[PDB]
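Here the structure comes first, spelled out in structure tokens, and everything after it is commentary.
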Amino acid sequence: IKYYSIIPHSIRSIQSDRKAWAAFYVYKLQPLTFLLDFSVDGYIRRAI
Amino acid sequence: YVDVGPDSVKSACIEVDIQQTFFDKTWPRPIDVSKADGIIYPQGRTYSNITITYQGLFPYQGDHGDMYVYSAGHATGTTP
Amino acid sequence: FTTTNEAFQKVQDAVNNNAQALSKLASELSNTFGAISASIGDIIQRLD
Amino acid sequence: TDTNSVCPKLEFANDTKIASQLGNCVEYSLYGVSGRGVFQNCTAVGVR
């Protein structure tokens, strides 16, 4: 797949029930060397 | 071809309005590598209680990125 | 004895130099050296 | 000749299981990894 287009979503809330919706941020992925810190659980909480 | 069931029979699509000024609100968040933001764990193996460099597809540090926000459609009273 | 003291640091450096030599042998075994797998036994299973 | 999808229950045997060979230097061939190692029961660490 060479191209992606975000699909806008419109929520049909009533005027009274209109609510703020959290923004979503899209970040592109590129091969990178990342120093990784692993805890006893092994999950990553810190990196450079 | 997997069946997705019957396609919508509605004669006309719901009207869509784009207002640039209304949607022109920006609150960008930079990627924080120290906060492990955007980090995908390697599928092949797990590392425990160690610090090592790993090469993988990762977002740039301090990258605001592209921000898309969804907003409620125009409605009058209780009717959208 | 403190981090500032040069003589105490020299004693620590001598211990570190011995430690570095021991660490190198273990790290080199892991290095592929262009081989498909670090373990020769894994190579036997992986390739003819 | 090349495909054997259906196999008798249960194909696996106690000797294949690590628990039978626990505490013994044994050759391990699990999920495409081949090596010589000793397995010791211990508290779980890393991502399961």
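Protein chains in written order, with the authors' numbering: chain A, 290 to 337; chain B, 18 to 97; chain C, 1012 to 1059; chain D, 579 to 626. We treat Cβ as the ideally placed atom computed from N, Cα and C, and that holds for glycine.
- Taking a C-beta distance under 7 Å as the contact criterion, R301 of chain A and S51 of chain B do not qualify as a contact pair.
- With respect to the 7 Å criterion, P45 of chain B and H91 of chain B are not classified as neighbours on the basis of their beta carbons.
- Straight across, the Cα-Cα distance linking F323 of chain A with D306 of chain A is about 44 Å.
- A Cβ-Cβ contact shorter than 7 Å links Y316 of chain A with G55 of chain B.
- For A309 of chain A, there is no enclosing beta strand (DSSP E), as DSSP gives it neither H nor E.
- For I1047 of chain C, the secondary structure class from DSSP, reduced to helix, strand or coil, is coil.
- In this structure, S1038 of chain C and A1049 of chain C do not form a Cβ contact; the two beta carbons are roughly 11 Å apart against a cut-off of 8 Å.
- Rounded to whole angstroms, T621 of chain D and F327 of chain A show a C-alpha spacing of 17 Å.
- Taking 7 Å as the threshold, the shortest C-beta distance from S65 of chain B to chain D falls below it.
- For a Cβ distance threshold of 7 Å, residue set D1053 of chain C lies close to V611 of chain D, ordered along the chain.
- Taking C603 of chain D as the centre and dropping the five residues before and after it, the same chain places the C-beta of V616 closer than 6 Å to its C-beta, in chain order.
- For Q60 of chain B and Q1023 of chain C, the gap between their C-alpha atoms comes out near 40 Å.
- Look at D83 of chain B here: in three-state DSSP terms it is strand.
- Following the DSSP letters along the chain, one finds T38 of chain B inside the alpha helix (DSSP H) bounded by residues 37 to 40.
- By the C-beta density criterion, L1033 of chain C is exposed, having fewer than 16 other C-beta atoms within 10 angstroms.
- Distance from the CA of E605 of chain D to the CA of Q319 of chain A, rounded to the nearest whole angstrom, comes to 39 Å.
- In the three-state reduction of the DSSP assignment, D1053 of chain C falls in the helix class.
- In the three-state reduction of the DSSP assignment, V315 of chain A falls in the strand class.
- Beta-bridge partners assigned by DSSP to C603 of chain D: D:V616.
- DSSP lists A:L321 as the bridge partner or partners of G73 of chain B.
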